[PDB]
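Below you'll find only one chain, the form deposited in one PDB entry, shown as C-alpha cells.
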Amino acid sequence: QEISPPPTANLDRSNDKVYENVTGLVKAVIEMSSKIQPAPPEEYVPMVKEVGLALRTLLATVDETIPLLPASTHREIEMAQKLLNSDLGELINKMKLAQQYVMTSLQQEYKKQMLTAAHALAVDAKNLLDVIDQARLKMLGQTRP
C-alpha cells in the first residue's frame, strides 16, 4: 500500500504551476529511472510497436512522395524501403529470440542483436532521407528551365 487517490478534483488546474512542476519532476525521475535500469523483456514489445508505427508512418509518407519524383530514382527509393522492412523483420526476430532465451546464457546476446537491428533501422532511415533528397534535387534540376 504505497497507493493514494488521484489529486483532488475541487481545484482548477488550468494555471496550477505547482501541479505542473510536480508533474515535471515526477517525469524527470521516471525518465532517469528507465534510462539507468535495463528494461525487462515484458516491455520490449510495446517499445518495438512504437518503432513499427513510426516506420509505417514513414513508408506511407514515402509512398506519396514517389509519384512526384523522376522515374529514374524510384528503384533506389523502393530498395531503401525494402531495406527498412528488412531491418524491421530482423528487429522483431531478435526481439522474439531475446524473449525466448530470457533466462539463459543467451539473454544478453539476443538483446544486443536486437539493439544492433534497431540501430540499423535508424541508420537506414537516414539513408532513405538522403536518397529522397538526391531525388528531389534531381527533380528541381529537371523542373528549372
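In case it trips you up, residue 1 is the first one in the sequence shown, and so on. Under this definition, the rigid core comprises the largest set of C-alpha atoms superposing within 1.5 Å between the forms.
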Name the higher of the two by mean Cα B-factor in the PDB entry, 119-127 versus 133-141.
-> 133-141
What stretch has the higher average Cα B-factor here, 97-105 or 24-32?
-> 97-105
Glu50: C-alpha B-factor third of its chain, per the entry, is the middle
C-alpha B factor of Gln37, ranked within the chain: lowest, middle or highest third?
-> highest
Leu84: CA temperature factor from the record, placed by chain third, in the lowest
Chain-wide C-alpha B factor ranking for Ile92, given as lowest, middle or highest third = lowest
Position of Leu59 among the chain's modelled residues by C-alpha B-factor, lowest, middle or highest third = middle
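This protein has a second form, the form deposited with a partner chain bound, left out of what is shown; the following refers to that one.
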Any chance the CA of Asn127 moves 2 angstroms or more between the shown form and the other one, core superposed?
-> no
